[PDB]
């Protein structure tokens, strides 16, 4: 199954280190994040929030870009990658009104998202989930995993992305730093 849930509450595989409400309404601080694949009948109500999103096909990356990405992309679930960051993202209506060529021009031709991200592989593992189509308050759920030696590089990557043209359209963003249990 391609559906994933992120439950903010008192159980989970990850301990919340901090939450940084970068832009827009934030997320209440909780003790742990519970990650679930597929639907489960019971998710605690004593939980604070529940995000979700699905893995999907490629939307912008071209073939040569994939080849370069799959050649340095690390796997999730590395013993050393005891730190994780969940960054839900929402883009503005203005971004979604645009055609495919206009969004590709902004995503890569101007902002070089993928060329910038490749500099931080294989130290940082990154997965993408889509959730605009589910009516979720966010449009994406980005997931990052890496060893603590890469914390400075990752914090540098965040600031690079936020200074790009593509992030002029982001109107809601939160950082949920996690430590593995």
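Positions refer to the first chain, counted from 1.
K.L.:
Select between 13-21 and 155-163 the stretch whose C-alpha atoms have the higher average B-factor in the entry.
P.N.:
On average, C-alpha B-factors are higher across 13-21.
K.L.:
Could you check which stretch, 58-66 or 39-47, carries the larger mean CA temperature factor in the entry?
P.N.:
Higher of the two, by average CA B-factor, is 39-47.
K.L.:
Select lowest, middle or highest to describe the third in which the CA B-factor of residue 86 falls within its chain in this entry.
P.N.:
CA B-factor rank for residue 86: lowest third.
K.L.:
Is the Cα B-factor recorded for residue 73 in the lowest, middle or highest third of its chain?
P.N.:
Its C-alpha B-factor, which the entry lists for residue 73, ranks in the highest third among residues of this chain.
K.L.:
Rank-wise, by C-alpha B-factor, drop residue 34 into the lowest, middle or highest third of its chain.
P.N.:
According to the entry, residue 34 has a C-alpha B-factor in the chain's middle third.
K.L.:
Using only modelled residues of the chain, where does the Cα B factor of residue 114 rank: lowest third, middle third or highest third?
P.N.:
For residue 114, the deposited C-alpha B-factor lands in the middle third.
K.L.:
By its CA B factor, does residue 101 count among the lowest, middle or highest third of the modelled residues in the chain?
P.N.:
Middle third.
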